[PDB]
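Take a look at the structure tokens below, where one protein chain is shown in two forms, each on its own, as structure 1 and structure 2.
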Structure 1
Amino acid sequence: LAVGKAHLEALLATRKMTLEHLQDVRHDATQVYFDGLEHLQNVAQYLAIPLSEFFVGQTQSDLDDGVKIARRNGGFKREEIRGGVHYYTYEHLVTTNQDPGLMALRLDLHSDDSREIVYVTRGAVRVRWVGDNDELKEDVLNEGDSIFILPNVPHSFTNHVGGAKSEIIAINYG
């Protein structure tokens, strides 16, 4: 395995160490080499550092000058059909490796059966969620309406009336 040397000796700095205190690890020119993940994990144990930290910032950014652009129907797109019933049409919006917590989706609602924000781009949307004391709460969101949802709140979005196809923008973040 290959690890960014400048980053590794930055991690070693937090433990008041250098490349010296690593047992037989080949290195030269801003690169440190481990023979196997089990080897790196043993180094991870020794430094009392989780394995994930050794890759932090090692992935090349997918941004173009601090910006990433996605196109309609450009990324992942899927249909959700369970039991012959057409429910959703999933589509990824712009996703970046600079914020894995960010998940943006465009949803075409067809059927009548992390923090999150949801905006209704078209049609009437029927929203359910479990309030406190396990009370079944429901409401109808129309075009222009938006909703904020606290983490760990059971909720579902569907088409209000049926026949008419609705569309929402769902953003999950941190």
Structure 2
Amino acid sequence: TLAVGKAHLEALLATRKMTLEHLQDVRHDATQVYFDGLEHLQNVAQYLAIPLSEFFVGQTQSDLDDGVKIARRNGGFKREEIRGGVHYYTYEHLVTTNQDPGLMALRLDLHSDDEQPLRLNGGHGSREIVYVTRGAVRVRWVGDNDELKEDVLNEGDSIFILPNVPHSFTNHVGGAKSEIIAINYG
């Protein structure tokens, strides 16, 4: 048994000039409408020619409290990142929210340097802005005409990276261990 909010379902129905009465075999109460499982809701979605996802758009409960959400150091997800055989990053999630799933804010420790081989990613859809909280960071990316570029970012410097530009952050000084903040969004 799968419940869908009644007002929401009625709104979808109204996009097709319909009402609950035009659905075959559904029970409902004053706030919900009930389906005999996912296959049943899938069939109703085909009947309305609306993809299944729409039946859930907006229907997840907000994880904010009073318009805001707070996270604490080490309070959430954390993970090492190893590329080819090279320890490259420690990813720590900052605050994350279902009210903007495209926002991924991270604190990273950098573990590689010039003595290890380069491990560029393939770029990604998200824009990114990085701020250096500590140390000295070697940044490398693939620029115009596939030519490799590099620079060095010191504490308090920052960088914006256009979507799908491949990039790497490493320690400028080998054995030193820098920290950056990275916000992907939009």
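Heads up, when I say rigid core I mean the largest set of C-alphas that superpose within 1.5 Å between the two forms. Residue numbering: structure 1 sequence, from 1. Shifts are known only where both forms have a C-alpha.
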State yes or no: after fitting on the rigid core, is the Cα displacement of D99 between structure 1 and structure 2 at least 2 Å? no
C-alpha of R72: shift of 2 angstroms or more between structure 1 and structure 2, rigid core aligned? no
Expressed in angstrom, the C-alpha movement of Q41 between structure 1 and structure 2 on a rigid core superposition is 1.5
Report, to one decimal in Å, how far the Cα of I81 moves between structure 1 and structure 2 once the rigid core is superposed. 4.6
Which consecutive stretches of at least 3 residues differ between structure 1 and structure 2 by 2 Å or more at every CA, rigid core held fixed, listed in sequence order? 79-87
